[PDB]
Amino acid sequence: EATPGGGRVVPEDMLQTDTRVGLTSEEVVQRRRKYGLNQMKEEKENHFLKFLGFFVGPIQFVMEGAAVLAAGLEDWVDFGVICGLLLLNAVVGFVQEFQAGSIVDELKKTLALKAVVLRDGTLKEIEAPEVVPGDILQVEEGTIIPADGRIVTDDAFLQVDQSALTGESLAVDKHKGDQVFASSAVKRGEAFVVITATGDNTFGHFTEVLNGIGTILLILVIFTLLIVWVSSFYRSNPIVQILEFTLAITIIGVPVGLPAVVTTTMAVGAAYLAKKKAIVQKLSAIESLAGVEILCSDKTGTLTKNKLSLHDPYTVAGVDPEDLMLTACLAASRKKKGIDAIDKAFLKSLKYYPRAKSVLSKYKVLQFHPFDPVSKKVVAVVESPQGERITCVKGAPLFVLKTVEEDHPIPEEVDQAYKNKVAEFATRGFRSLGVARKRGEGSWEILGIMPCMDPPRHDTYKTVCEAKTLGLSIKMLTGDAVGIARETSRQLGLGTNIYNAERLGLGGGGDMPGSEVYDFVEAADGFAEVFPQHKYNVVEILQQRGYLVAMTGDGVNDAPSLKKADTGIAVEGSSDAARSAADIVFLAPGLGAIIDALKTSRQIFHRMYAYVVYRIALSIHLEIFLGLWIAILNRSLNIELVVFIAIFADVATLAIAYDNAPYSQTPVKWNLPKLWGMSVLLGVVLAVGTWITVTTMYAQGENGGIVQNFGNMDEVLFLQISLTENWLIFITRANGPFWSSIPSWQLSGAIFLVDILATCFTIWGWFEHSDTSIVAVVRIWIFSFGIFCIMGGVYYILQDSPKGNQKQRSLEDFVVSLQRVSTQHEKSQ
Ligand SMILES: Nc1ncnc2c1ncn2[C@@H]1O[C@H](COP(=O)(O)OP(=O)(O)O)[C@@H](O)[C@H]1O
Ligand SMILES: [K+]
Ligand SMILES: [Mg+2]
């Protein structure tokens with residue numbers, strides 16, 4: 001739909017009836033199709049078909065058949081308890097989904113790509129979707145194009161970053177009148193857009209683990225049901241008793257709300273993270289951040305502050321006595337609303353008497369090449385009152401000399417002093433900037449170096465120290481030379497193994513064997529003189545060795561690296577494209593925020609893992625107890641008691657998402673074989689405890705075994721199962737022994753209340769025909785505590801360079817060699 005779907009001259013050319021700057025009277029627009037068309041607003045706030053949706057399903061059908069086959073509404077004892085359990089599961093699921101969907105949207109709101117349109121006044125900006133179609137737009141150097149459309153008549157070329165919706169990853173340089181694609185970035189440019197198709201033709205991992213776990217649990221429940229049905233067939237049980245058995249085992253076996261409570265834990269953790277100034281794009285980024293082993297962070301803005309200190313410019317040069325300040329400030333963009341960190345320090349340190357007032361007047365800029373990362377060099381051409389074209393150049397100290405090597409070519413008197421001074425200021429931890437000037441058509445003097453300095457953030461050193469205890473390995477990425485990077489590493493205690501990116505082999509190699517360039521990249525404390533492509537190459541290499549890499553991105557240059565990284569982190573002050581391509585967007589600066597978010601994500605993952613182990617352990621426990629007891633002895637717990645056991649497993653679990661869970665000291669990952677081993681062993685231990693409990697009463701009579709004065713088997717088993725099952729959470733939510741960390745008051749209270757309810761059940765026996773002695777419950781508590789201790793001890797006991805053989809090194813060498821020979825041949829002699 002182009003012409004008949006909301007597009008013609010009056011939303012196209014009537015846009016361009018005013019000047020560039022101005023817009024008035026969004027009049028009667030007749031249609032606001034802007035808010036992610038029919039995606040979030042699709043069937044708005046139904047809020048009642050989610051409730052009934054939880055009442056329909058495989059297990060819910062089994063429960064409905066159970067509640068119907070209880071002689072209908074004859075008596076409110078079996079029907080009442082079964083419908084109560086079904087209602088409780090439905091309500092808990094609905095509340096959890098509501099909480100998880102009402103808090104992931106609050107993170108979406110605080111991260112929407114706000115869009116700027118300039119009207120008569122200095123209009124701030126327009127919130128993303130509520131912008132009228134057929135309206136002007138200002139896409140400015142790394143902003144996600146809010147609305148699809150075409151360019152405005154003004155002449156300028158913007159390099160739109162594509163391959164998000166198209167194929168080519170290179171410069172897709174639409175110039176004038178072409179189709180500008182929405183939800184795409186702009187690498188560089190300054191153009192205006194006319195809106196067309198404002199919402200038309202816009203062309204995790206824990207969930208899969210949960211799905212697999214649920215499938216295996218279903219398999220286990222089916223196996224148990226098969227045992228029960230076979231053993232009932234051999235005994236010719238009436239169909240009603242078989243149905244009661246299968247209902248009990250269906251209730252205990254399949255966890256109704258495992259993925260729901262896992263998503264609730266993720267959502268609560270994401271909300272807590274966003275409270276800590278760390279907004280998560282996709283809910284799956286929590287696990288990815290918890291799993292990262294290497295954090296490749298840019299030095300500027302993360303490991304150090306963006307404000308620079310200037311210390312005595314090196315004005316020791318030839319004829320040029322003081323021109324450093326004047327010519328360097330000549331190359332200032334002076335916008336004061338889009339200038340970078342480098343530009344500010346020149347203006348703040350312009351306390352120069354002779355000509356600093358007269359140097360900013362009449363020096364009209366003709367050409368201003370922006371700072372190119374591949375060149376590390378800003379070049380400006382301006383006018384002067386003398387009439388000359390002073391082409392200022394400013395960049396890395398060596399690159400300025402590489403620029404001035406043509407005229408006045410490398411005199412030994414000045415070049416040696418220049419290199420010695422830049423090395424000296426590297427030793428002093430000073431960022432240096434060189435400047436060269438062009439008076440005439442054949443003059444090229446070298447002015448000198450400018451010793452800027454940006455100190456590390458006051459919390460950076462201890463943050464890096466603690467990051468080594470967390471299992472991370474921080475790899476700094478500097479565009480600076482090797483000397484400055486190495487001195488910064490010495491200052492930060494980051495270790496001094498800094499390799500120049502181009503020399504090492506990131507990209508076009510230097511005939512370094514491929515098996516060892518990967519080894520150097522893996523064991524490297526940093527990378528100096530890094531270009532945008534080297535970031536992606538570093539991420540690609542580090543993942544081959546088997547790591548999970550977290551990249552600190554900022555700006556549109558490192559968007560592909562952010563996408564390729566397992567956890568792309570958009571640091572403070574990033575552009576719209578950088579945070580759109582990242583996984584976690586930060587609203588606080590420094591590495592301290594990143595490390596705090598890492599610790600929080602590890603805590604959230606610990607909560608998730610502890611709950612999963614809890615759920616499947618008690619599932620295995622209670623299924624291999626009840627199924628075995630039915631098979632061997634044609635007996636099972638009273639249906640009301642087993643329903644209440646299931647309920648108690650949905651009360652002590654709506655609190656796991658809110659507790660003081662500790663964080664692992666090493667990167668944490670889904671070790672599914674170890675998870676299943678631990679859970680099967682815990683369930684087997686619990687089942688052995690329960691079987692001991694019941695075989696005591698077989699051995700010494702109904703009221704003579706684990707019970708002392710009087711009791712009944714069913715309520716005693718109820719109490720033992722409830723205690724040993726709910727107390728299992730205290731050992732899964734710990735690092736080592738269960739007494740290491742103190743559980744939160746909420747979890748402890750919710751579990752102690754359930755324990756009190758189970759004890760009252762046993763003492764007064766209000767679902768069976770007899771009560772239990774007050775000393776029998778004491779003995780059951782003692783035995784359950786012993787089982788808890790042995791189970792926790794089992795859980796605690798089992799809780800705990802070239803990275804390649806000949807095959808791996810050969811493979812990496814072959815990969816790098818084939819890349820190099822492809823380049824070599826492609827050169828075609
Ligand atoms: N705006 C600028 N004008 C001139 N030189 C610059 C500018 N920004 C950075 N440089 C120089 O380029 C080199 C590193 O630039 P960069 O790659 O930007 O460091 P970072 O990537 O850590 O911001 C250093 O020599 C620095 O002084
Ligand atoms: K990613
Ligand atoms: Mg940087």
# chains A, B, ... in the order shown; residues from 1 in each chain; ligands from 1
>>> select_by_dssp(residues="segment 121-231 of chain A", states="strand (DSSP E or B)", output="PyMOL selection string")
chain A and resi 126+138-140+149-151+159-161+172+179-180+185-188+190-195
>>> write_last_selection(atoms="N, CA, C and O atoms", output="JSON list (two decimals), in the first residue's frame")
[["chain", "number", "residue", "atom", "x", "y", "z"],
["A", 126, "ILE", "N", 9.80, 14.96, 20.49],
["A", 126, "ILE", "CA", 8.49, 14.31, 20.47],
["A", 126, "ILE", "C", 8.65, 12.85, 20.88],
["A", 126, "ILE", "O", 9.52, 12.14, 20.35],
["A", 138, "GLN", "N", 14.32, 15.16, 11.80],
["A", 138, "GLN", "CA", 15.73, 15.53, 11.87],
["A", 138, "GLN", "C", 16.51, 14.31, 12.34],
["A", 138, "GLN", "O", 16.61, 14.05, 13.54],
["A", 139, "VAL", "N", 17.07, 13.56, 11.40],
["A", 139, "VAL", "CA", 17.96, 12.45, 11.71],
["A", 139, "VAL", "C", 19.38, 12.99, 11.81],
["A", 139, "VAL", "O", 19.89, 13.62, 10.87],
["A", 140, "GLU", "N", 20.02, 12.76, 12.96],
["A", 140, "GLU", "CA", 21.28, 13.44, 13.28],
["A", 140, "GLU", "C", 22.27, 12.44, 13.86],
["A", 140, "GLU", "O", 22.24, 12.14, 15.05],
["A", 149, "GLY", "N", 10.01, 6.88, 5.14],
["A", 149, "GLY", "CA", 9.71, 7.97, 4.22],
["A", 149, "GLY", "C", 10.88, 8.27, 3.29],
["A", 149, "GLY", "O", 11.67, 7.38, 2.97],
["A", 150, "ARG", "N", 10.95, 9.53, 2.87],
["A", 150, "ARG", "CA", 11.89, 10.00, 1.87],
["A", 150, "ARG", "C", 12.57, 11.28, 2.36],
["A", 150, "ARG", "O", 12.12, 11.93, 3.30],
["A", 151, "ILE", "N", 13.66, 11.63, 1.68],
["A", 151, "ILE", "CA", 14.54, 12.72, 2.11],
["A", 151, "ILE", "C", 13.95, 14.06, 1.65],
["A", 151, "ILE", "O", 13.13, 14.10, 0.73],
["A", 159, "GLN", "N", 24.71, 8.28, 5.35],
["A", 159, "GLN", "CA", 25.00, 6.86, 5.22],
["A", 159, "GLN", "C", 24.15, 6.11, 6.23],
["A", 159, "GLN", "O", 24.47, 6.08, 7.42],
["A", 160, "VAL", "N", 23.07, 5.51, 5.76],
["A", 160, "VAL", "CA", 22.16, 4.78, 6.63],
["A", 160, "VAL", "C", 22.74, 3.40, 6.90],
["A", 160, "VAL", "O", 23.13, 2.68, 5.98],
["A", 161, "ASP", "N", 22.80, 3.02, 8.18],
["A", 161, "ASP", "CA", 23.29, 1.70, 8.56],
["A", 161, "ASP", "C", 22.17, 0.69, 8.33],
["A", 161, "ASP", "O", 21.14, 0.73, 9.01],
["A", 172, "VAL", "N", 25.18, 2.06, 2.69],
["A", 172, "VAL", "CA", 23.98, 2.19, 1.85],
["A", 172, "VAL", "C", 23.68, 3.68, 1.81],
["A", 172, "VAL", "O", 22.94, 4.22, 2.64],
["A", 179, "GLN", "N", 14.02, 5.79, -0.71],
["A", 179, "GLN", "CA", 13.18, 5.28, 0.36],
["A", 179, "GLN", "C", 14.02, 5.11, 1.62],
["A", 179, "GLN", "O", 14.83, 4.18, 1.72],
["A", 180, "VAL", "N", 13.82, 5.99, 2.59],
["A", 180, "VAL", "CA", 14.50, 5.92, 3.87],
["A", 180, "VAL", "C", 13.73, 4.95, 4.77],
["A", 180, "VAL", "O", 12.54, 5.15, 5.02],
["A", 185, "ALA", "N", 19.49, 2.84, 11.41],
["A", 185, "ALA", "CA", 20.39, 3.86, 11.91],
["A", 185, "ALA", "C", 20.99, 4.67, 10.76],
["A", 185, "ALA", "O", 20.84, 4.33, 9.58],
["A", 186, "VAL", "N", 21.67, 5.75, 11.12],
["A", 186, "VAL", "CA", 22.42, 6.56, 10.17],
["A", 186, "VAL", "C", 23.87, 6.64, 10.65],
["A", 186, "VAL", "O", 24.14, 7.11, 11.76],
["A", 187, "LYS", "N", 24.79, 6.13, 9.83],
["A", 187, "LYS", "CA", 26.20, 6.12, 10.21],
["A", 187, "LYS", "C", 26.75, 7.54, 10.30],
["A", 187, "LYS", "O", 27.50, 7.86, 11.23],
["A", 188, "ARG", "N", 26.40, 8.39, 9.34],
["A", 188, "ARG", "CA", 26.83, 9.78, 9.32],
["A", 188, "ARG", "C", 25.96, 10.52, 8.32],
["A", 188, "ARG", "O", 25.55, 9.96, 7.31],
["A", 190, "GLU", "N", 23.49, 14.53, 7.64],
["A", 190, "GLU", "CA", 22.62, 15.58, 8.17],
["A", 190, "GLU", "C", 21.56, 15.86, 7.11],
["A", 190, "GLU", "O", 21.80, 16.63, 6.18],
["A", 191, "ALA", "N", 20.39, 15.24, 7.26],
["A", 191, "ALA", "CA", 19.31, 15.39, 6.29],
["A", 191, "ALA", "C", 17.98, 15.42, 7.02],
["A", 191, "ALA", "O", 17.88, 15.11, 8.21],
["A", 192, "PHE", "N", 16.94, 15.80, 6.28],
["A", 192, "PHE", "CA", 15.57, 15.84, 6.79],
["A", 192, "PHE", "C", 14.72, 14.85, 6.01],
["A", 192, "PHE", "O", 14.97, 14.59, 4.83],
["A", 193, "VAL", "N", 13.70, 14.31, 6.67],
["A", 193, "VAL", "CA", 12.92, 13.20, 6.14],
["A", 193, "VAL", "C", 11.46, 13.61, 6.05],
["A", 193, "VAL", "O", 10.94, 14.30, 6.94],
["A", 194, "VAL", "N", 10.80, 13.18, 4.98],
["A", 194, "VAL", "CA", 9.35, 13.31, 4.85],
["A", 194, "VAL", "C", 8.70, 11.96, 5.07],
["A", 194, "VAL", "O", 9.10, 10.96, 4.47],
["A", 195, "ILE", "N", 7.68, 11.95, 5.92],
["A", 195, "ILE", "CA", 7.12, 10.70, 6.43],
["A", 195, "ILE", "C", 6.23, 10.06, 5.37],
["A", 195, "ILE", "O", 5.35, 10.70, 4.81]]
>>> residues_near_ligand(ligand="ligand 1", cutoff="6 Å", atoms="only C-alpha atoms and all ligand atoms", output="list in words")
residues 299, 300, 342, 371, 373, 376, 377, 378, 394, 395, 396, 431, 432, 433, 478, 479 and 480 of chain A
>>> write_last_selection(atoms="C-alpha atoms", output="mmCIF file, in the first residue's frame")
data_model
loop_
_atom_site.group_PDB
_atom_site.id
_atom_site.type_symbol
_atom_site.label_atom_id
_atom_site.label_comp_id
_atom_site.auth_asym_id
_atom_site.auth_seq_id
_atom_site.Cartn_x
_atom_site.Cartn_y
_atom_site.Cartn_z
ATOM 1 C CA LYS A 299 38.659 2.964 28.155
ATOM 2 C CA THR A 300 37.112 6.371 27.494
ATOM 3 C CA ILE A 342 37.702 16.229 23.429
ATOM 4 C CA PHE A 371 37.071 12.909 13.536
ATOM 5 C CA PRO A 373 38.159 6.584 13.820
ATOM 6 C CA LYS A 376 42.270 9.307 14.434
ATOM 7 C CA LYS A 377 42.445 12.741 12.863
ATOM 8 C CA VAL A 378 40.173 15.777 12.507
ATOM 9 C CA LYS A 394 44.562 17.470 14.815
ATOM 10 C CA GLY A 395 44.798 13.856 15.927
ATOM 11 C CA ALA A 396 47.080 11.184 17.325
ATOM 12 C CA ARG A 431 46.832 11.780 26.191
ATOM 13 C CA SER A 432 48.642 13.799 23.531
ATOM 14 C CA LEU A 433 47.340 15.620 20.454
ATOM 15 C CA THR A 478 41.767 2.153 23.471
ATOM 16 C CA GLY A 479 42.113 4.103 20.283
ATOM 17 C CA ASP A 480 45.277 5.520 21.832
#
>>> residues_around(residues="residue 125 of chain A", least_positions_apart="4", cutoff="7 Å", atoms="only C-alpha atoms", output="compact mmCIF listing (two decimals) with N, CA and C atoms, in the first residue's frame")
# COMPACT_ATOMS: atom_id res chain seq x y z
N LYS A 114 12.81 8.27 21.28
CA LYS A 114 12.19 9.58 21.13
C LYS A 114 12.69 10.28 19.87
N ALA A 115 11.78 11.02 19.21
CA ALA A 115 12.02 11.59 17.90
C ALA A 115 11.93 13.11 17.95
N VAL A 116 12.87 13.78 17.29
CA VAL A 116 12.97 15.24 17.33
C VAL A 116 12.42 15.82 16.03
N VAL A 117 11.56 16.83 16.16
CA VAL A 117 11.06 17.62 15.04
C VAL A 117 11.15 19.08 15.49
>>> closest_residue(among="A:560, A:56, A:132, A:146", to="residue 170 of chain A", atoms="only C-alpha atoms")
A:560
>>> residues_near_ligand(ligand="ligand 2", cutoff="7 Å", atoms="only C-alpha atoms and all ligand atoms", output="list in words")
residues 562, 563, 564, 565, 566, 567, 568, 582 and 583 of chain A
>>> write_last_selection(atoms="N, CA, C and O atoms", output="PDB file, in the first residue's frame")
ATOM      1  N   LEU A 562      28.223  -4.751  19.015  1.00  0.00           N
ATOM      2  CA  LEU A 562      27.221  -4.920  20.061  1.00  0.00           C
ATOM      3  C   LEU A 562      26.262  -6.053  19.724  1.00  0.00           C
ATOM      4  O   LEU A 562      25.880  -6.835  20.600  1.00  0.00           O
ATOM      5  N   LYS A 563      25.853  -6.151  18.458  1.00  0.00           N
ATOM      6  CA  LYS A 563      24.961  -7.237  18.061  1.00  0.00           C
ATOM      7  C   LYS A 563      25.659  -8.589  18.138  1.00  0.00           C
ATOM      8  O   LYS A 563      25.061  -9.576  18.578  1.00  0.00           O
ATOM      9  N   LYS A 564      26.921  -8.656  17.710  1.00  0.00           N
ATOM     10  CA  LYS A 564      27.631  -9.931  17.706  1.00  0.00           C
ATOM     11  C   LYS A 564      27.964 -10.399  19.116  1.00  0.00           C
ATOM     12  O   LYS A 564      27.996 -11.607  19.374  1.00  0.00           O
ATOM     13  N   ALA A 565      28.206  -9.470  20.034  1.00  0.00           N
ATOM     14  CA  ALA A 565      28.546  -9.841  21.399  1.00  0.00           C
ATOM     15  C   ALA A 565      27.379 -10.553  22.066  1.00  0.00           C
ATOM     16  O   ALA A 565      26.211 -10.304  21.760  1.00  0.00           O
ATOM     17  N   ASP A 566      27.707 -11.463  22.985  1.00  0.00           N
ATOM     18  CA  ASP A 566      26.667 -12.190  23.701  1.00  0.00           C
ATOM     19  C   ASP A 566      25.834 -11.250  24.561  1.00  0.00           C
ATOM     20  O   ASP A 566      24.633 -11.467  24.747  1.00  0.00           O
ATOM     21  N   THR A 567      26.456 -10.198  25.096  1.00  0.00           N
ATOM     22  CA  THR A 567      25.761  -9.201  25.914  1.00  0.00           C
ATOM     23  C   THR A 567      26.295  -7.823  25.534  1.00  0.00           C
ATOM     24  O   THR A 567      27.260  -7.336  26.125  1.00  0.00           O
ATOM     25  N   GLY A 568      25.656  -7.192  24.554  1.00  0.00           N
ATOM     26  CA  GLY A 568      26.032  -5.848  24.169  1.00  0.00           C
ATOM     27  C   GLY A 568      25.553  -4.852  25.203  1.00  0.00           C
ATOM     28  O   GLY A 568      24.343  -4.747  25.458  1.00  0.00           O
ATOM     29  N   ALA A 582      21.962  -2.843  21.472  1.00  0.00           N
ATOM     30  CA  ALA A 582      22.528  -3.459  22.659  1.00  0.00           C
ATOM     31  C   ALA A 582      21.489  -4.309  23.380  1.00  0.00           C
ATOM     32  O   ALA A 582      20.308  -4.331  23.030  1.00  0.00           O
ATOM     33  N   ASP A 583      21.953  -5.018  24.406  1.00  0.00           N
ATOM     34  CA  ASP A 583      21.088  -5.831  25.247  1.00  0.00           C
ATOM     35  C   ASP A 583      20.747  -5.164  26.567  1.00  0.00           C
ATOM     36  O   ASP A 583      19.623  -5.315  27.052  1.00  0.00           O
TER      37      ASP A 583
END
>>> residues_around(residues="segment 453-458 of chain A", least_positions_apart="2", cutoff="10 Å", atoms="only C-alpha atoms", output="VMD selection string")
chain A and resid 299 to 311 345 425 428 to 432 450 to 451 460 to 463 488 491 to 492 589 to 592
>>> select_by_dssp(residues="segment 584-778 of chain A", states="helix (DSSP H, G or I)", output="MDAnalysis selection string")
chainID A and resid 591:633 639:648 672:700 713:726 729:732 745:764 774:778
>>> closest_residue(among="A:498, A:639, A:266, A:410", to="residue 66 of chain A", atoms="only C-alpha atoms")
A:639
>>> closest_residue(among="A:660, A:820, A:561, A:156", to="residue 507 of chain A", atoms="only C-alpha atoms")
A:820
>>> residues_around(residues="segment 520-526 of chain A", least_positions_apart="5", cutoff="8 Å", atoms="only C-alpha atoms", output="PyMOL selection string")
chain A and resi 474-478+485+489+494-499+504+538+541-542+545+801
>>> closest_residue(among="A:45, A:341, A:664, A:34", to="residue 128 of chain A", atoms="only C-alpha atoms")
A:34
>>> closest_residue(among="A:325, A:414, A:63, A:400", to="residue 90 of chain A", atoms="only C-alpha atoms")
A:63
>>> residues_around(residues="residue 783 of chain A", least_positions_apart="3", cutoff="10 Å", atoms="only C-alpha atoms", output="PyMOL selection string")
chain A and resi 689+693+706+720+723-724+777-780+786-789
>>> write_last_selection(atoms="N, CA, C and O atoms", output="short mmCIF file (atom, residue, chain, number, x, y, z; two decimals), in the first residue's frame")
data_model
loop_
_atom_site.label_atom_id
_atom_site.label_comp_id
_atom_site.auth_asym_id
_atom_site.auth_seq_id
_atom_site.Cartn_x
_atom_site.Cartn_y
_atom_site.Cartn_z
N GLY A 689 13.64 -40.81 52.58
CA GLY A 689 13.17 -40.37 53.88
C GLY A 689 11.70 -40.66 54.09
O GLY A 689 11.29 -41.16 55.14
N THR A 693 9.82 -43.21 56.69
CA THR A 693 8.73 -42.77 57.57
C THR A 693 7.55 -43.73 57.50
O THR A 693 6.99 -44.12 58.54
N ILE A 706 7.15 -44.16 63.82
CA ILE A 706 7.64 -42.81 64.01
C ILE A 706 6.74 -42.03 64.97
O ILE A 706 7.19 -41.07 65.59
N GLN A 720 5.33 -35.02 57.18
CA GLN A 720 6.72 -35.28 56.81
C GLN A 720 7.02 -34.76 55.41
O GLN A 720 8.04 -34.10 55.18
N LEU A 723 7.03 -30.83 55.38
CA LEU A 723 8.22 -30.24 56.00
C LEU A 723 9.45 -30.45 55.14
O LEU A 723 10.15 -29.49 54.79
N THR A 724 9.72 -31.70 54.75
CA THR A 724 10.94 -31.97 54.01
C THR A 724 10.90 -31.37 52.61
O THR A 724 11.96 -31.13 52.02
N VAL A 777 4.21 -35.43 66.40
CA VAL A 777 4.61 -34.33 65.53
C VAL A 777 6.01 -33.85 65.88
O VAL A 777 6.77 -33.45 65.00
N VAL A 778 6.38 -33.89 67.16
CA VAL A 778 7.73 -33.51 67.55
C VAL A 778 8.74 -34.47 66.93
O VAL A 778 9.77 -34.05 66.38
N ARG A 779 8.46 -35.77 66.99
CA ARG A 779 9.37 -36.74 66.40
C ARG A 779 9.44 -36.59 64.89
O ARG A 779 10.50 -36.76 64.29
N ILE A 780 8.30 -36.28 64.25
CA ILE A 780 8.30 -36.05 62.81
C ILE A 780 9.14 -34.83 62.47
O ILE A 780 9.87 -34.83 61.47
N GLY A 786 16.47 -33.94 60.42
CA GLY A 786 17.60 -34.79 60.08
C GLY A 786 17.69 -35.05 58.59
O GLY A 786 18.78 -35.03 58.01
N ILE A 787 16.55 -35.31 57.94
CA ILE A 787 16.54 -35.49 56.49
C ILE A 787 16.97 -34.21 55.80
O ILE A 787 17.72 -34.25 54.81
N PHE A 788 16.52 -33.07 56.30
CA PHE A 788 16.93 -31.78 55.75
C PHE A 788 18.44 -31.59 55.86
O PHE A 788 19.08 -31.12 54.93
N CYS A 789 19.01 -31.95 57.01
CA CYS A 789 20.44 -31.79 57.21
C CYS A 789 21.24 -32.71 56.29
O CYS A 789 22.23 -32.28 55.68
#
>>> closest_residue(among="A:781, A:531, A:761, A:663", to="ligand 3", atoms="only C-alpha atoms and all ligand atoms")
A:531
>>> residues_around(residues="residue 360 of chain A", least_positions_apart="4", cutoff="10 Å", atoms="only C-alpha atoms", output="JSON, numbers by chain")
{"A": [326, 329, 330, 332, 355, 356, 364]}
>>> atom_distance(atom1="atom CA of residue 103 of chain A", atom2="atom CA of residue 658 of chain A")
15.0 Å
>>> decode(residues="segment 525-536 of chain A", atoms="N, CA and C atoms", output="CSV table (one decimal), in the first residue's frame")
chain,number,residue,atom,x,y,z
A,525,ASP,N,45.6,-8.1,27.9
A,525,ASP,CA,45.0,-7.2,28.9
A,525,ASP,C,44.4,-6.0,28.2
A,526,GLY,N,44.6,-5.8,26.9
A,526,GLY,CA,44.0,-4.7,26.2
A,526,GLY,C,44.3,-4.7,24.7
A,527,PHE,N,43.8,-3.7,24.0
A,527,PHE,CA,44.1,-3.6,22.6
A,527,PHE,C,44.2,-2.1,22.3
A,528,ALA,N,45.3,-1.6,21.9
A,528,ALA,CA,45.5,-0.2,21.6
A,528,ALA,C,45.4,0.1,20.1
A,529,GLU,N,45.0,1.3,19.8
A,529,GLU,CA,44.8,1.7,18.4
A,529,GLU,C,43.9,0.8,17.7
A,530,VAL,N,42.6,0.8,18.2
A,530,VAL,CA,41.6,-0.1,17.7
A,530,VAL,C,40.6,0.7,16.9
A,531,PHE,N,40.3,0.2,15.7
A,531,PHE,CA,39.3,0.7,14.8
A,531,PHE,C,37.9,0.0,15.0
A,532,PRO,N,36.9,0.5,14.5
A,532,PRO,CA,35.6,-0.1,14.7
A,532,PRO,C,35.5,-1.6,14.2
A,533,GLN,N,36.2,-1.9,13.1
A,533,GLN,CA,36.1,-3.3,12.7
A,533,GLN,C,36.9,-4.2,13.6
A,534,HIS,N,37.9,-3.8,14.3
A,534,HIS,CA,38.7,-4.6,15.2
A,534,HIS,C,37.8,-5.0,16.4
A,535,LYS,N,36.9,-4.2,16.7
A,535,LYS,CA,36.0,-4.6,17.8
A,535,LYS,C,35.2,-5.8,17.5
A,536,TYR,N,34.6,-5.9,16.3
A,536,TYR,CA,33.9,-7.0,15.8
A,536,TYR,C,34.8,-8.2,15.7
